[PDB]
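Notes follow the structure.
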There are 2 protein chains.
Amino acid sequence: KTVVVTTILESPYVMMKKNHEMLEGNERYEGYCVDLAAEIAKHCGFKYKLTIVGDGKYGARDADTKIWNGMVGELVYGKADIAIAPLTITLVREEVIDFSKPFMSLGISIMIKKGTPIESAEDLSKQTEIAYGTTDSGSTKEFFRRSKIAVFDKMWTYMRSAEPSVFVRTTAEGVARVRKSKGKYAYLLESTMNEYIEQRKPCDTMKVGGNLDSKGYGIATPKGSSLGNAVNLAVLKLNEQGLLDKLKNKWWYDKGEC
Amino acid sequence: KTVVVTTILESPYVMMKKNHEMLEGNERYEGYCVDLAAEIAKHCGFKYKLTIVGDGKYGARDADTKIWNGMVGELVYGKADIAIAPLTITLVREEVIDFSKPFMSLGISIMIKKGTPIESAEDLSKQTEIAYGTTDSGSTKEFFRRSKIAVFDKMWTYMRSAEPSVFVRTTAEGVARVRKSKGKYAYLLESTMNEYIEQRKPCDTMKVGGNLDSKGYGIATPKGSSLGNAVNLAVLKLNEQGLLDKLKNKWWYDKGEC
Ligand SMILES: C=C(C)[C@H]1CN[C@H](C(=O)O)[C@H]1CC(=O)O
Ligand SMILES: C=C(C)[C@H]1CN[C@H](C(=O)O)[C@H]1CC(=O)O
């Protein structure tokens, strides 16, 4: 049967083509994950249909209800057969779905509006004039929450009680906040998005310091899925033959606007 | 039963303590992987015994005999229950044993003796005065062999026919060759070892350019192993709680001699 792929609109992984209203099926989308999905299906011998996750979320479990939302939820409840998106491999998600080995490596980073007097997380922790936060859901927020690490602890304690909220709903919101806060807001996000945005007009943002940790994005399938093993080998095969780095340069730097 | 862990002597992952002749059991060893093994066993609730792989190899399959050697072979033939070492996650190995998600991220890098007029793989490819090669077995050699990539292809073609051989048997051999060749030999090795050696006396080596690819080291277990699932979750748990980065700084930079 045709494999149902769930994904999410996040640049430059999956984006609607400018003329999407005139197209149908998979041709309506473009991006790193759209190309990766084609390669995975090709190497695994299956036909597929790209779909955008119904609730527009990545995947977290609600306290109290214990229900999984986002792409993870669609896999958990059988609404989709595979998730191909910038879904960070985490302990809680690994417990309910299967992840392929990383197709992309990344780490938590700091985004500032050019000119902001901040060079590291250390600088952020030892001050409050410049507010800073993470996405309101996701692996970055969890990193600070579970962090023994010192400077990261002063940061989580600060972010948790900061008013107004320093957390943003999406990457677009965090970037807009950095750009419109005249240097008074720094956004903690994954290096992949940071590096991408740095090469997009208005070219007014910058990634500072080194990554705070090392993690990866993985292709997800429901536990005990037949396609799981084949997809994992496909990711390794594509990475070893340079397809993945070629794909990143295509969507990150070949398209640089700065 | 006590879990048999197979590992390999590779600095600073596993090293014999200076006074090892006076110790017994696991206390004879020290290093990043020795500490990681303790953490994995603790989080997985098992007793273990560290052993050094009999043939002193990582794991490759012989053509003609089709027999697996090294740590991979010990897992494949049931001589060990788990491998905890800087074993690169690769397609061919993933097909015969199970790998946990990466406990360390790395990429192929270039090591030169300080002063060598080389800054990138591109520089290496467009010349021959300065010889360069990889370890005679392993994932780095395979990267160049399977590389479509252009400059990397000119490099593999050159390395394959270069005389005398530009390939080295071990990290120690590659480093000794770089140090004793008066700038006429550059070694292609994993960034982890490169970064480590750069901070070790004589402090005469340097890592140049950016990594050529992105890969990781994983903990290995025989296929269908009971411990596999638990070990994978332990790696993710330890990484999220900062144990892994803390462990890398302990063995890489806290001990810097330069
Ligand atoms: C864009 C979002 C909400 C994602 C993408 N990867 C992370 C995840 O899969 O949780 C989230 C980012 C972050 O947490 O910084
Ligand atoms: C040190 C050795 C021989 C190893 C360690 N990781 C790689 C592996 O697991 O193949 C090899 C290095 C390399 O290929 O550059």
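Every chain in the structure tokens has a letter given in the order shown (A, B, ...), and although residue numbers restart at 1 in each chain, ligands are simply numbered from 1 in the order shown.
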Within 9 Å of residue 138 (chain B), counting only C-alpha atoms, which residues qualify if same-chain residues fewer than 5 places away don't, as a list in words?
->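 What passes the distance filter is residues 58, 59, 60 and 88 of chain B.
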How would the residues just picked look written out with N, CA, C and O atoms as a short mmCIF file (atom, residue, chain, number, x, y, z; two decimals), in the first residue's frame?
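Output file selection_32.cif is given in full below:
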data_model
loop_
_atom_site.label_atom_id
_atom_site.label_comp_id
_atom_site.auth_asym_id
_atom_site.auth_seq_id
_atom_site.Cartn_x
_atom_site.Cartn_y
_atom_site.Cartn_z
N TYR B 58 38.77 -3.21 15.14
CA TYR B 58 37.44 -2.64 15.31
C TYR B 58 36.31 -3.54 14.77
O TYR B 58 35.37 -3.87 15.49
N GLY B 59 36.42 -3.94 13.51
CA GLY B 59 35.39 -4.78 12.94
C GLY B 59 35.16 -4.56 11.47
O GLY B 59 34.57 -3.56 11.06
N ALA B 60 35.63 -5.50 10.66
CA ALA B 60 35.48 -5.46 9.22
C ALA B 60 35.27 -6.93 8.77
O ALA B 60 35.69 -7.86 9.46
N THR B 88 32.55 3.50 14.83
CA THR B 88 31.71 4.30 13.94
C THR B 88 30.49 3.52 13.40
O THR B 88 30.61 2.39 12.93
#
May I have the residues within 7 Å of residue 112 (chain B) as a VMD selection string, using only C-alpha atoms and disregarding those fewer than 2 positions away in the same chain?
-> chain B and resid 110 114 116 178 183 186 to 187 205 to 207
Pull out every residue of chain B sitting within 10 Å of chain A, counting only C-alpha atoms, and send them as a ChimeraX atom specification.
-> /B:89-92,94-95,99-106,139-140,142-149,212-216,218,229,232-246
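Distance check against residue 180 (chain B) using only C-alpha atoms: of B:204, B:168, B:194, B:120, the minimum falls on B:204.
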Sel. of strand (DSSP E or B) residues, region 47-230 of chain B, as an MDAnalysis selection string = chainID B and resid 48:52 61 68 82:83 88 97:99 104:106 108:113 131:133 135 168 185:190 205:208 215:217 220:222
